[PDB]
Structure formats: structure tokens, C-alpha cells
Amino acid sequence: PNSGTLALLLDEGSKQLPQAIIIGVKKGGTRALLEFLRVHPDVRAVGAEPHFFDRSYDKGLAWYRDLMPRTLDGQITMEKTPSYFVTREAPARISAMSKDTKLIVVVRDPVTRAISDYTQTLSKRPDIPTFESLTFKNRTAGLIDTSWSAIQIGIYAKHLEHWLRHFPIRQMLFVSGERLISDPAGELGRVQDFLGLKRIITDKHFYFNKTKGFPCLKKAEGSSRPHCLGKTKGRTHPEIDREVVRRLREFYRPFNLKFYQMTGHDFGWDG
Amino acid sequence: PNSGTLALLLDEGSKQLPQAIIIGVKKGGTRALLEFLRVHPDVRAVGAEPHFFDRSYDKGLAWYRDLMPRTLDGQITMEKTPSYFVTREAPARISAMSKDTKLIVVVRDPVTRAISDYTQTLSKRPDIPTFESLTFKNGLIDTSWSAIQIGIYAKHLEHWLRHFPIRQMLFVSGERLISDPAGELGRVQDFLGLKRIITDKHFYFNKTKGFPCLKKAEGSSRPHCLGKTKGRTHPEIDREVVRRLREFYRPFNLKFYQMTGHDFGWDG
Ligand SMILES: Nc1ncnc2c1ncn2[C@@H]1O[C@H](COP(=O)(O)O)[C@@H](OP(=O)(O)O)[C@H]1O
Ligand SMILES: Nc1ncnc2c1ncn2[C@@H]1O[C@H](COP(=O)(O)O)[C@@H](OP(=O)(O)O)[C@H]1O
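One line per chain: the protein sequences are B and A, in this order.
Taking the deposited numbering, I'd label the letters of the first sequence as residues 136 to 406.
Taking the deposited numbering, I'd label the letters of the second sequence as residues 136 to 273, 277 to 406.
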């Protein structure tokens, strides 16, 4: 950065509390959304997940504001912390910072999200029981263990009720994790509209990596070369017992249908 | 860059010869044009000015292609060397590489271009004579002075048209690049066959510097204004000298407008 540029930021740039936050969900495709959004000239985001509203609230809003990137007028300041979605005091705390805060939730088929979550935990703690084992409280009775975080996070409808007690539905956007993969430019169109940004991100910003199997950015923010998400993003899932899968799809179905109605959109996880 | 990404470039990436080149003009606003164009995801450009077709031609084509960035299918490879425009041998040589090469020329009011050129020379050698002194040979203007000769666009253009069809050339307005960046960039993207991505939101006007800056540069998440060397303060020039130079260029300017089919408005 040259003298004049730094000078501009020093003189006309300021640190703002985030006007929009990606609050969830874990494994929904939150890193992908944030990286794609960063391509837009009017988006500036914190690199790390702050975990302010859940883990470090006692440090204060001043500390939080301090983590934010210095922006120019017109640019939107954002942060993502997937765990907020299921944090009890989060809705109240964010509303306390500002009642007009916009919230983005990247959702995904509860079944594949649960398996994705498990896969990640398995890579960290390789000696844990199987997915089938953790899924049930009682296998033959078919009684699922809803206290297990992996299952719990996927009951979107219930968590959403918690948020709607502090925010109007109009201030929330529900992004399709599946479409973010099959047609990112398409999904980003909706996100840009929601954030009040001009639709700049388009098909030409993406390049499909056959080797990885997911789309990548033809040119990443702050770089001239492409950018595919790392090995940690797009982990291979273990094969799960067909019956266990049918049972979990059965468990989520009613909650999914409620979620479709609450959001006014059928995400297609139940056909 | 991470493993997966880097692997992708090594496997699917490849160096190409430039399909489009910014060939001029000196002080027209070439750095600004290239820096703005680099924001496009389908554009990859050489960082330095090659000076292949003019200065280092004897280094062979191998050396040239070496400097090119590794691109992905669909991405256009580009370079800028402002002095190509006035290089006699440039037209034939570039055509030899490929007669399908697209050429972009950023033009500027010949008078302000001349003063800008002088100002740059002055920054490198503060002891040179005044601009007014160098302008005249005797009311006879010293047309042999590079600062003046470079501005006779029509003359140089005739040389290029002996090797390229006018449709493979685009003349960008240096003045509009400043007043309406997105406007000129739109013309450029269309000419290069690239989708129109660069828009008004990509720019932020710097009141302190007096020029627009990129809100987000290609190689950064932060804004980017051109350096202190781009947008130099010009010395105050005698009105009579300015009048005589404008009168000198006018005939040539109007011819240039007819050749390119565009009135750049340097004479109204
Ligand atoms: N272009 C992309 N590259 C990699 N992963 C992507 C992606 N678009 C979406 N994803 C998804 O993002 C998930 C991770 O979400 P988060 O970033 O919120 O943790 C990955 O889960 P898997 O690893 O199970 O495939 C993957 O499915
Ligand atoms: N955004 C921008 N910032 C700075 N200079 C810019 C600019 N857009 C156009 N220019 C012009 O680009 C000229 C330099 O052209 P080049 O890069 O081809 O040498 C400058 O000449 P001055 O220094 O006389 O103002 C300036 O007028």
C-alpha cells in the first residue's frame, strides 16, 4: 500500500460495527459464502470468526469494533461466527448492539450437515464412536439422541424461533448451501440484493476445479490468482447405513417443512 | 495461496502471448487503465512494462513469453508499453506475432500530454529549461521535440493501419478515464470481448489527490490510489504558448477524430 492510499484510509476510513453478520449454520457453507462475498468492492470482513456474542462478550463492544476492518463510505462491514445461531444469549446481544443488524444463515440438508459435522469432529478426535452409534439414544427403538450437537444444530425451525423473538423475519436471509455449490453466481445474486449491494459477482468470477469437485474463485479478493477452499472444506464423508439415513431424514422432515413455511421457501431436502 | 489452489494453476495453467496490448500513449493514462482492468477476473497482466517490441526485441520471443503470467482458459493475457505507439518497427513486429492482436491506445489532449511529459522529465532532471523554451525552434514550433511529436496521433496511426485493420484498435479517452472511469472501462471490456463486470462501484474519488482510486485493487482487500508519480503537479504555462500549441495540433486532431470516428473533445 502506497502513501496516498494509506493516507486516504487514515483520513476518510473508519471502523464500523458490522451491519450484517453470517450467524450460522455450522458446516452450512459459511466459509464459501464469505469468501465469495469478499470479491465485491463494497464488502469488507473480519478474517477470523470473532466469537464475540458467544465467547468473548465480556470484552465489550469497543473490543469488537476494534477487530473490524477500516472501511470507506458505502462499504459493508461483516463477520461470520457459525456458532451464534445456537447461542442462547446471541439474539439478545446482537439486538442490543443494533436492532437493525442484518442476519444471514447458510442452511444445508440437516442430514448431510450432521454427517459433515461428525466428519469434522472425527478428524479432530479419531477415536470417537461411529456416526450410527452417536445418532441413537436407542437404536432398535429408533430413538434418536437430540441432545447430541450434530443432530441438534440441524433443527433450524426451533433455533429460528429464538431469533424471531428479537429480529423481524425481513432482516434475515436464508441461503441455500446446496445451490451455493451448484450455482454460486445465482445464490450470490440474492445475497447482494439483501445487503443492498449492486449485483457485481457473476458467473465469470468462478472456475470449476474438477480435481476438487467444487467451484473456485477465478480471482480471489486481494489476489490475482484463483482460490479454491482448502482441504478442510469439502471433506469426504464416510458411508452411512442406509437405514440410519432413512431414520434421520424421517426425524428432520417435520421440522424441515416447518422451516420451509417460516422462511417462505422449499429448500428441497425432502423432494 | 494454498496447496489445492497452487496445484490447479500448475496443472491447468499456462503462459500465453498477449492477445491484447496497451501500446500507448506516453502519459495518456496507461497505468490507470491497466490497474483498473486488472480488477476483472478474466484479465491477467504482466506487472512491468516489457518494452519487447521496441527496446529488448533482440532478446528473442522466448524472453517475452517468459514474462507472461500463467493464465486459465478464458483469461486474457496483457501487457502495456506506452512507447510502442511511436516505435516505427512495432506495427510489423506485433503483426508478425499475430495479425489478430487487439490494440488499445489511451489518448490525451496533445497539449496536456506534452506538458505532462515535460513535467516527468523535469522530475528526473530539475535543471532542464522551461517548457516554453523547449516548445519553440524559433513562432516556429520545434516539432522535432519528442514531447510534441508524440502528440501527433494521426501520423502515428497511419503507420499502424498499414499492418492492422482499424477495428482491431480501440482509442480510450484519457480525460474520460478520469471523469468517468466505469464509462471508459465499459468500452474496453466490450472491445476485449469480456463480460462487463467493472462498474461504478469499483471506484472511489479521492478528494485530496484529485483522482479516482480503486475501492478494492486486484492485489488487495483495501482501496488503492495511484502513486505520487501519477498525477504530478504541472508548472504554470504561458497562455500564448498554450494557444499556439493548441492551434498547431487542431488540424491533426480533427483528422484523428475522422480516422477513429470519435471526437475526443480537445478542441470542443
Ligand atoms: N466452493 C466450495 N468449496 C468447498 N466447500 C464448499 C464450497 N461451497 C460449499 N462448500 C461446503 O462448505 C462446507 C463447509 O461449511 P463451513 O465453511 O460453514 O464449515 C463443506 O462441507 P463438507 O466438508 O462436508 O463437504 C462443503 O460442502
Ligand atoms: N486515477 C488516476 N490517478 C492518477 N493519475 C491518473 C488517473 N487516471 C488518469 N491519470 C493520469 O495518468 C497520467 C499518467 O499516464 P501514464 O500512466 O500513461 O504515464 C497522469 O498524468 P499527470 O501526472 O500529468 O497528471 C494523470 O493525469
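Ideal placement from N, C-alpha and C gives every residue a C-beta, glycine not left out.
Query	Result
Using 8 Å for Cβ pairs, my map puts A:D189 next to A:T222. What's the rounded Cβ distance?	4 Å
Can you tell which of B:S359, B:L308, B:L196 and B:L383 has its C-alpha closest to the C-alpha of B:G277?	B:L383
Which residue or residues does DSSP assign as beta-bridge partners of A:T212?	A:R179
Taking only the alpha-carbon atoms, compute the straight-line gap between B:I336 and A:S359 and give it to the nearest angstrom.	15 Å
Within 8 Å of any Cβ in chain B, is that where the Cβ of A:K354 sits?	yes
Which residues, taken in chain order from the stretch 361–380 of chain B, show a beta carbon closer than 7 Å to some beta carbon of chain A?	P361, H362, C363, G365 and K366
In whole angstroms, give me the CA-to-CA distance for A:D146 and B:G331.	38 Å
Taking B:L238 as part of the beta strand (DSSP E), name the residues at either end of that continuous run.	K237 to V242
Which first and last residues belong to the beta strand (DSSP E) in which A:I158 is found?	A155 to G159
Using DSSP with H/G/I as helix, E/B as strand and the rest coil, what is A:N273?	coil
Should the stretch 374–383 of chain B be called in touch with the stretch 292–299 of chain B, which here means at least 3 C-beta pairs below 8 Å?	no
Span of the beta strand (DSSP E) holding A:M307?	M307 to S311
I need the DSSP call for B:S138, collapsed to helix, strand or coil.	helix
Give me the Cβ distance between B:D201 and B:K150, rounded to the nearest whole Å; I'm assuming they're in contact under 8 Å.	7 Å
What does the Cβ neighbour count give for B:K162, buried or exposed, with the cut at 16 atoms within 10 Å?	buried
Any heavy atom of ligand 2 within a distance shorter than 7 Å of the CB on A:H372?	yes
Strictly below 8 Å CB to CB, what residues from chain B border A:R173?	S359
Just checking: is the beta-carbon of A:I157 within a distance shorter than 8 Å of some beta-carbon in chain B?	no
Please classify A:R243: is it buried, with 16 or more other beta-carbons within 10 angstroms of its beta-carbon, or exposed?	buried
Does the Cβ-Cβ distance between A:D252 and A:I288 come in under 8 Å?	yes
Would the C-beta of B:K354 count as close to ligand 1, meaning under 7 Å from any of its heavy atoms?	no
Got a sec: which bits of the stretch 209–235 of chain B sit with their beta carbon under 9 Å from any beta carbon on chain A, in order along the chain?	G209 and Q210
Quick one: using the 10 Å Cβ neighbour count with 16 as the cut-off for buried, is A:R300 buried or exposed?	exposed
May I ask whether a heavy atom of ligand 1 can be found less than 7 Å away from the beta carbon of B:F402?	no
Can you have a look at B:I304 and say buried or exposed, based on whether 16 or more other CB atoms are within 10 angstroms of its CB?	exposed
Mind checking B:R248: buried by the 16 CB within 10 Å criterion, or exposed?	buried
Hey, does B:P350 have any beta-carbon neighbour from chain A nearer than 8 Å?	no
Please report whether the beta-carbon of A:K347 lies at a distance below 8 Å from any beta-carbon of chain B.	yes
In whole angstroms, what separates the C-alpha of A:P261 from that of A:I375?	16 Å
Give a yes or no on contact between the stretch 265–272 of chain A and the stretch 173–190 of chain A, applying the rule of three or more CB pairs nearer than 8 Å.	no
Taking the beta strand (DSSP E) that B:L330 falls in, what are its first and last residues?	That residue, B:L330, is in no beta strand (DSSP E); it is neither H nor E in DSSP.
State the Cα-Cα distance for the pair B:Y199 and B:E184, rounded to the nearest angstrom.	11 Å
Ends of the alpha helix (DSSP H) at B:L207?	Segment: none, B:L207 is in no alpha helix (DSSP H) and carries neither H nor E.
State yes or no: is the beta carbon of A:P136 nearer than 8 Å to at least one beta carbon in chain B?	yes
Determine the direct distance from the alpha carbon of A:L352 to that of A:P217, and round the result to whole angstroms.	22 Å
Per DSSP, what are the beta-bridge partners of A:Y395 in this structure?	Partner(s): none; A:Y395 has no beta bridge.
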